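Enquirer: Below you'll find the structure I mean.
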Amino acid sequence: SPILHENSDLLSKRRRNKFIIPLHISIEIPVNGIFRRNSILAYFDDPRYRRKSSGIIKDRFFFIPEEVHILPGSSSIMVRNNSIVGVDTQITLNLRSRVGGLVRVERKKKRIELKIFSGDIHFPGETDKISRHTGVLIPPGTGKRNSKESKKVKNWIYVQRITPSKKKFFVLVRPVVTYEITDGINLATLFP
Amino acid sequence: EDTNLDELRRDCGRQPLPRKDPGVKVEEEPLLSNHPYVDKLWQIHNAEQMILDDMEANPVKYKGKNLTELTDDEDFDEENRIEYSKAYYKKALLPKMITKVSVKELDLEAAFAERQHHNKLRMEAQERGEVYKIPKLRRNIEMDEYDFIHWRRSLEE
Amino acid sequence: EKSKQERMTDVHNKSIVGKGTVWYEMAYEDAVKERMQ
Amino acid sequence: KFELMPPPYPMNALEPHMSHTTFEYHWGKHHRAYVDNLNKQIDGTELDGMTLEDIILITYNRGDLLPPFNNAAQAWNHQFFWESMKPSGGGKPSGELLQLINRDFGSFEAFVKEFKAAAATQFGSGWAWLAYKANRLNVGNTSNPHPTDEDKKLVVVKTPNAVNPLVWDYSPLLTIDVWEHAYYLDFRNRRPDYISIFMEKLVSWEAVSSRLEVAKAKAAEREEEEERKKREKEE
């Protein structure tokens, strides 16, 4: 049977026009056993790049986690639309908010979509002519070391403009995550 | 009686049987660096290890087992073993070859001795808490050694 | 086509249902080199 | 316009064994014909102005010998051969060579008796050679795994008519002319007798030592260039 020291590379050899892999990532073969040009055999989906948060990343990708709750149409909501709810806010009879932020309730035909956009609410000034519909992501600014009280923002923030009213608009600084295409290459040795 | 046309051409005096011309000039072509005996070895180093591992991994298997002498089967024949079987459908139904390693052929005692040093290394690695990794085994080194003569062959030629 | 690419594509779709752009492409030898260095 | 070098040694009155008349024919006539022809051919040549080594390499032209290779090889061959001869200096060369000899041939004497066999191998016009193994593999799995010393070898080869180990890149050290024109006069077809004499009475063993040094240097330069290539690959 198996062993404690499982190193399949030391048990697999590659020759000219012949690849021998010891069956124990996973691979699948068509029913014929046929393989073709440009044919996938092995799948190496890595949990290291997996994320539990519903927000997905979209050289590097930015992932903004957002609390989304899919409730039925006949479910009583204890939160109002475009309202700011804090941590542990009771949204339903048995559902509590995990993150504090702006609550967005999208009422569909047969489903109630409740979205909680976590972030700091900031009031932009008159000169702050930020794009209303086009959200802009701000990277880590290289703050001058001269200023002592200048708290260096080491994490990238996603600024989204929320316009609940036609005359009043707010800016929400949502969080971001890092997903790098170039950084990160992990594959188990298949041939020695 | 004659079966070989080529043998016949020689006795008679006739020109060689023709073959289609090959486009490549072998003045320049890649060198060949692979070894025939290697096949037996990769098959053997693993084979010796697999039998040794079975005894090594299991105390019951280890008990009643002698490293110097062991028999895979009383009546096993390597020639008889060669076969092709499509019965298994676990992943797909396709041929499954069987190769018999003569117990006599396997150098089990040497492997067992090597394994001990290796498991002790593994045990120190366990104390380290870092999984033990071994880059090469002598058998792996030999593979390069038998292989090595071939590079010279191509070169000389 | 004889499913020359079509049958292969059918297997591809199963493995990769979303037609994602390829974030990373690498040769096995290149990957081994990256691990070594 | 390649060099019509006046012969390096006094040449004419240099050796009693080699006739001045023979010398006059070998150098006065062959070289002159070769050089004017080499020149004639190289008129209007983009190849003109290259080194003799370059022109020789160029017109050998790999698989197909091109028109000019023969003339050039011989011109160079003749002068390289010339370098090997000495005004009465010969015997027991020592230095890097003695150490190298026992490594390969096993004795200076063994090499001598081995080199002596060449008389038989030519069977016609040609040049016998002593050479170095600085050799470039040009294809496929060219690189040597387990690269190691003693890769170097002192080699003796036989070349028919117009051939210099440069064509196959083995670094030439010494040469003899087996072409009959060179030895026919003094001894009529007694090649065995002429050979040992050349081997002992007149070969600048020291010129060969200098050449060995030059070759070692070239090999070193090549390995250095290889290291430079490796550095470029790393960077």
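For the structure tokens, the naming scheme is as follows: chains receive sequential letters (A, B, ...) according to their order of presentation, residues are indexed from 1 within each chain, and ligands are indexed from 1 in presentation order.
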Counting only C-alpha atoms, what is within 9 Å of residue 28 in chain C, bar same-chain residues fewer than 5 positions away, as an MDAnalysis selection string?

Expert: (chainID A and resid 187 189) or (chainID C and resid 33)

Enquirer: For the residues in that selection, give me N, CA, C and O atoms as a PDB file, in the first residue's frame.

Expert:
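Written output follows (again.pdb):
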```
ATOM      1  N   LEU A 187       3.611  23.452  -8.315  1.00  0.00           N
ATOM      2  CA  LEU A 187       3.215  22.226  -8.989  1.00  0.00           C
ATOM      3  C   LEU A 187       4.077  21.088  -8.469  1.00  0.00           C
ATOM      4  O   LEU A 187       5.298  21.225  -8.357  1.00  0.00           O
ATOM      5  N   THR A 189       6.219  17.786  -8.384  1.00  0.00           N
ATOM      6  CA  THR A 189       7.106  17.154  -9.349  1.00  0.00           C
ATOM      7  C   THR A 189       6.513  15.834  -9.824  1.00  0.00           C
ATOM      8  O   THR A 189       6.267  14.924  -9.029  1.00  0.00           O
TER       9      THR A 189
ATOM     10  N   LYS C  33      12.583  24.682 -13.075  1.00  0.00           N
ATOM     11  CA  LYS C  33      13.676  25.638 -12.945  1.00  0.00           C
ATOM     12  C   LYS C  33      13.305  26.739 -11.957  1.00  0.00           C
ATOM     13  O   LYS C  33      14.125  27.145 -11.137  1.00  0.00           O
TER      14      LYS C  33
END
```

Enquirer: Name all residues at most 12 Å from residue 117 in chain A (count only C-alpha atoms; drop same-chain ones fewer than 6 positions away) and give them as a ChimeraX atom specification.

Expert: /A:54-55,64-69,82-86,97-105,158-162,171-175

Enquirer: List every residue of chain A that has an atom at most 8 Å from any atom of chain B, giving for each one its closest atom pair and the distance in Å to one decimal, counting only C-alpha atoms, sorted by chain and then by ascending residue number, as a Markdown table.

Expert:
```
| residue | atom | partner | partner_atom | distance |
| --- | --- | --- | --- | --- |
| A:1 | CA | B:54 | CA | 7.6 |
| A:3 | CA | B:57 | CA | 6.8 |
| A:5 | CA | B:132 | CA | 7.6 |
| A:11 | CA | B:46 | CA | 6.7 |
| A:13 | CA | B:42 | CA | 7.6 |
| A:28 | CA | B:91 | CA | 7.7 |
| A:29 | CA | B:92 | CA | 7.4 |
| A:31 | CA | B:92 | CA | 6.3 |
| A:33 | CA | B:92 | CA | 7.6 |
```

Enquirer: Starting from chain D, keep only residues with some atom at most 7 Å from an atom of chain B, counting only C-alpha atoms, and report them as a ChimeraX atom specification.

Expert: /D:139-141

Enquirer: Go ahead and compute the interatomic distance for CA of residue 76 in chain A and CA of residue 93 in chain A, in Å to one decimal.

Expert: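 If I compute the distance from CA of residue 76 in chain A to CA of residue 93 in chain A, I get 7.7 Å.
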